[PDB]
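Chemist: Enclosed are the sequence and the experimentally obtained structure.
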Protein chains: 2
Amino acid sequence: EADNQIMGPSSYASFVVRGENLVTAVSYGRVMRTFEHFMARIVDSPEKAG
Amino acid sequence: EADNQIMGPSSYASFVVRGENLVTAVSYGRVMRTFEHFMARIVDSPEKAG
C-alpha cells in the first residue's frame, strides 16, 4: 500500500426542509433541493450565466 | 335617496407574481395568492390559533 488512511467526511451532511421549502411542502407537496439557490438564480440575478 | 354616491375604490387592487411566487411559477406551475400570508402562517408561529 501507498497509504494506510484516507480523509473523508466525519458526519452525514444535513439536508433539511427549510422554511420556504416547508411552505411549498405543505401547499403543493413538491420540495426542491436548494430553494434559496433557486431564488438567487431566478429572482436575484437571472442573467448571470452560471 | 338617503345617499347620492357611494365611496368605493378607485383602482384595481394589484397582484402580480412577485419574487417568492416566481420560483414555484417556473419549477411547478403552481402560483398561490399571498405567499407572504402562507409564510406568515405555517413558518412564523404555526401555533397561532387562526
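Modeler: Now that the structure is in, tell me what you want to look at. Numbers count the residues shown, from 1 in each chain, chains lettered A, B, ... in the order given.

Chemist: Quick check, the residue in chain A closest to chain B?
Modeler: Nearest residue of chain A to chain B, counting by Cβ to the nearest Cβ: residue A:43, 3.9 Å away. The C-beta positions use only the backbone N, C-alpha and C, and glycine is treated the same way.

Chemist: Please name the nearest non-neighbouring residue to that residue.
Modeler: Nearest in space to residue A:43, with sequence neighbours left out and distances taken as Cβ to Cβ, 6 or more residues apart in numbering or on different chains, is residue B:19 at 3.9 Å.

Chemist: Check the burial of the one you found by counting its neighbours.
Modeler: Using other Cβ atoms under 10 Å in any protein chain shown, residue B:19 is surrounded by 11 other residues.

Chemist: Around chain B, pick out the residues from chain A.
Modeler: Within reach of chain B by Cβ under 8 Å from any Cβ of the partner chain, chain A has these residues: A:19-20, A:22-24, A:26-28, A:30, A:32, A:35, A:38-39, A:42-43.
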